[PDB]
């Protein structure tokens, strides 16, 4: 009859940008992370050192699971920034979960693998690594009583508006 079930579409991608470990002199780094997915972009603040900790979460509500999440680590310059490295995570590899995870350490690569003008991987590994978590969340369920209440309330309002 009337259901509050949220169903099973995975639309909310959660990304936890944790920290990084760079190979080299710490005064050499003032870095931020950019995330790009389904033409949405988000960025951490810039943090100094060879072991920056951002511990920042980002959420993206999307509908195209066929692509990937591009992650870039950038060294900040007063005039231009320079990429430290990148990874590309196909969205189909990302777990469905309701909880934050520990993340995994990924080696940062220097360059995108491009096919047909679209990124499809990365190549040329660096000695740098990033600690990153990502998961999809499921939609919420509304309890049956509360769903029935809302359906009736807004059916009555719809009926009134139509008149």
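Numbering follows the first chain given and starts at 1.
**Student:** Look up the CA B-factors in the entry and say which stretch, 123-131 or 25-33, has the higher mean.
**Tutor:** Between 123-131 and 25-33, it is 25-33 that shows the higher mean C-alpha B-factor.
**Student:** Just to confirm, going by the entry's C-alpha B-factors, which of 151, 15, 20, 10 comes out highest?
**Tutor:** Among 151, 15, 20, 10, the PDB entry lists the largest C-alpha B-factor for 10.
**Student:** Going by the deposited entry, which of 108, 59, 62, 114 has the highest CA temperature factor?
**Tutor:** Of the candidates given, the C-alpha B-factor peaks at 114.
**Student:** Can you work out whether the C-alpha temperature factor of residue 44 puts it in the lowest, middle or highest third of the chain?
**Tutor:** Middle third of the chain for residue 44's C-alpha B-factor.
**Student:** Using the B-factors in the PDB entry, rank residue 75's C-alpha atom against the chain and give the third, lowest, middle or highest.
**Tutor:** Within its chain, residue 75 is a middle-third residue by C-alpha B-factor, going by the deposited values.
**Student:** Compare the C-alpha B factor of residue 138 with those of the other modelled residues in its chain, then answer lowest, middle or highest third.
**Tutor:** Residue 138: CA B-factor falls in the highest third of its chain.
**Student:** Would the CA B-factor of residue 5 place it in the lowest, middle or highest third of its chain?
**Tutor:** As the PDB entry reports it, the C-alpha B-factor of residue 5 lands in the middle third of its chain.
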